[PDB]
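Let us start with two forms of the same protein chain, each given on its own as structure tokens and named structure 1 and structure 2.
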Structure 1
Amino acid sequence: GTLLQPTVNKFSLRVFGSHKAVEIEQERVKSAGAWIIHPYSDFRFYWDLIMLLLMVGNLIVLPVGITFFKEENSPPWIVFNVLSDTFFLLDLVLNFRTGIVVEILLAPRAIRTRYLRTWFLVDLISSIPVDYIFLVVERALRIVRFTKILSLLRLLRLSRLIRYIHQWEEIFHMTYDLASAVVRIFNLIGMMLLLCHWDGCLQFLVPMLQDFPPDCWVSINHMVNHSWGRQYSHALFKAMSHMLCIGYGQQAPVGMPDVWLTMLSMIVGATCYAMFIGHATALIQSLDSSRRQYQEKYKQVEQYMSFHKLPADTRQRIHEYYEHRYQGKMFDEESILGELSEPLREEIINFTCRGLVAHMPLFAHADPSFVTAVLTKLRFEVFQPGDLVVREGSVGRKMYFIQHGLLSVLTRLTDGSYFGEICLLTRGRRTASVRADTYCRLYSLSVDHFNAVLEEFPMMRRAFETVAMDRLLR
């Protein structure tokens, strides 16, 4: 009895919010009882999965059954039509109690007026069997052709199929992350295949109603008395060749109703192929945008290089810097770390600098709170070999830690080491000079952040003082 209520699911959590909002929605459904179908409930799922398959089966089978078969009084055809009319009438009956997303669950007022204003007439016309009525109520050939065109009123179920497919596609952008362009283009492919299947049946249907004049292509190809499969094959070939703008026959089409159907199918095919090109272009432009932005940024850089007329060796030095800095990846490290929360930043920086945790003895013994408080305030820097990181007699600004590479002070030291220590404490000038031997990834620490961390932790101040005196002894 709870199947009319929306259950607790991932889409339910992402739409309603917490479990309490889901319970509020369930109580709003339970305001009335067995009169309201919530539009996110599993009953609408369990119904629409049936109705989509039935609608696809009818929209494929029904024109082939109308146009190509001669004796329309076969029993399983009548059984199939009766079943289709039954389910598509029960669908409207269940629609009457259903909810409407704009979620207006007011049953006696909003539902009835929203149907009678928007989408009751089309579903009502497509639901009921019109041809059986005129058969019961009622020059026989005009009557039979009239009943055939009336039986073509079943084709308005397409408008309901489109509505349910768009409701599904609005649902499954949220339970699964899907590229939008893929959904759009497979929707368009289904529409195009369906339209070509219509035009085949139509271009056989029109010479049927005129009792095959000698001007029509069926009489010219002498294929009146073949089986329905081969006639369907030739008609579909003709329709697809008009639709993809080919050029079908030897002669121009002579009969006047052939000309206008031809022109109609040509226009429809040209517009559908144009929209298909558009969707394919929009899909292709969204494949390697991360690599494309890197390309645009380097175009911008060499534009700036050209503006100041820089030398060639400097230009390739810049190029090597970008190749060993970004590695073809155009990411904004500031905004991504800004969009996150604090524990995510802590976990990321721990995973990136557990090597610096492991090699350094000062981080081996201290509290991990202190370790994270240091690590959250570093900055990643990359140097090229031959460069002097710190020159002697500087102002003194920053400390450095060593991720990779080895560095030479004119006394060499490899990765896992550190320098820039004592000049922050003594506040003096730079004692020795540090060179870059290779590409060396470094993390840097600002002095204001350093004093803030020392204000947060007094014992590591004495630890740095002891290791600075040891460094002075070295």
Structure 2
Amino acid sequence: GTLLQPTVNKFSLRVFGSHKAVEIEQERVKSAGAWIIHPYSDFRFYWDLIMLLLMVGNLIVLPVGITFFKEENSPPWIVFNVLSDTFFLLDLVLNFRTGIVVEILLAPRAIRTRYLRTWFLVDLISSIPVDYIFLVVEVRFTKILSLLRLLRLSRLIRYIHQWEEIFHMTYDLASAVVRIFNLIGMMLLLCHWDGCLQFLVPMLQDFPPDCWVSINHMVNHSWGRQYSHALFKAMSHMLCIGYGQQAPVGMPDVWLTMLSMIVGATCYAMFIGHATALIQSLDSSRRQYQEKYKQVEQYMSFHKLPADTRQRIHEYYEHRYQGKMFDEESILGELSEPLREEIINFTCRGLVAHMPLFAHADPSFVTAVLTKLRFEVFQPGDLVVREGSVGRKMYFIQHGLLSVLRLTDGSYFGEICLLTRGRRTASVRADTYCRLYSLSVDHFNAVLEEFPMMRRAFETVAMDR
């Protein structure tokens, strides 16, 4: 009873909402008629799996059995076509009930009319055994009518695109890979049908003496050898190679060769387009860094900077972004509030634990300080703090080595200047590339204004010193 209703999985929770959001859709399926199928249920998924396997089997086997074999009266050929057309006739009946994702679940007002207006005629032609009707009522004209079963490609293309739009939502998949697999699966099928058609056309003309089958003397070999030579001819026309020694003499050979060349040329052009779209999406973060550095060196060339400054800015961007493009401010802006706190507790927590003033504080005070740190990268030779300055910023050390006028990683300098609000006494020069965390004086005074209990403690520090 509940197999026709949408179950609660990851896809239904992502496409509807909570569990209560899925219960409303289940009640909506209940508010429809007697037995109405929902297109996200498990019954429709199992049925579409069975039908997709049958469509692949029929669209591979049916041209080969028609074109390369003797008669349509052999006993495995009749049982295979009658039992398959029964299942494709049940797929016509069950499409009156499923409803169309635009969802539509009301019956029979919108489903039946929206199905009759769009896809009923093609499914009706590809469902019924048309050739057996003309055979019972009334021989080589029935082999043309048996190719109406190849209109089951239209409901194959519909049923593949219904699953992929689901499975882009359930999983994380690249769209280029899915689309190029769809293109490869179409190209193989068109080459197979063209290989069957190359031998189908001279067979209806009782093998004229100018066709390739009578020239190469392969009228009475096995069907495998005939299929191999016909597929070689169709693939050499498809990939635009050049076949044979003489130009085609008969009139249906010329036009069908030209049709094969046009279809192969446009399929190969679409394959090149998909391969280019796949290759351009591989190295995006490497490419955007290159474009950004092109703009940087263009800014250098506009103001006519010297060569040493150009080299120095290049070394700075190499040690800053590392050939890798990102923008930390927008990434920290997009995240939520518990996710920003978790990243800072990995990077900035351990350096503040070295400082004796912040170690004894409450954790409600420390986390407000940790959000206002800023990441800075320096060079060997750069003077970090200069003498005679106001000293507004306090620095923590993550990596690198620097000297006061040696301080290794995990240290700190300029701490007492933010408390005394006076002139800096010493000067600091970086010995190598340093990674620092900076705290300004106003960003600390705001947090002192947020907590008056910690404000009393730093007043007792200032009275002692």
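Along the sequence of structure 1, residues get numbers from 1 upward. The term rigid core refers to the maximal set of C-alpha atoms that superpose within 1.5 Å between the two forms.
After the core is superposed, which of these residues, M51, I36, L425, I66, moves its CA 2 Å or more between the two structures?
The one that moves 2 Å or more is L425.
Is it true that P361 shifts between the two structures by 2 Å or more at the Cα, once the core is aligned?
Yes; that C-alpha moves by at least 2 Å between the two structures.
Cα of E23 displaced 2 Å or more between the two structures, core superposed?
No, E23 moves less than 2 Å.
After core superposition, I'd like to know whether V453 moves between the two structures (criterion: C-alpha shift of 2 angstroms or more).
No, its C-alpha moves less than 2 Å.
Once the rigid core is superposed, tell me how far the Cα of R462 moves between the two structures, in Å to one decimal.
So the C-alpha of this residue moves 4.4 Å.
What Cα shift, in Å, does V434 show between the two structures once the core is superposed?
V434 C-alpha displacement between the two structures, core-aligned: 2.1 Å.
Following alignment on the rigid core, what Cα displacement (Å) is computed for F80 between the two structures?
Here the C-alpha difference is 0.4 Å.
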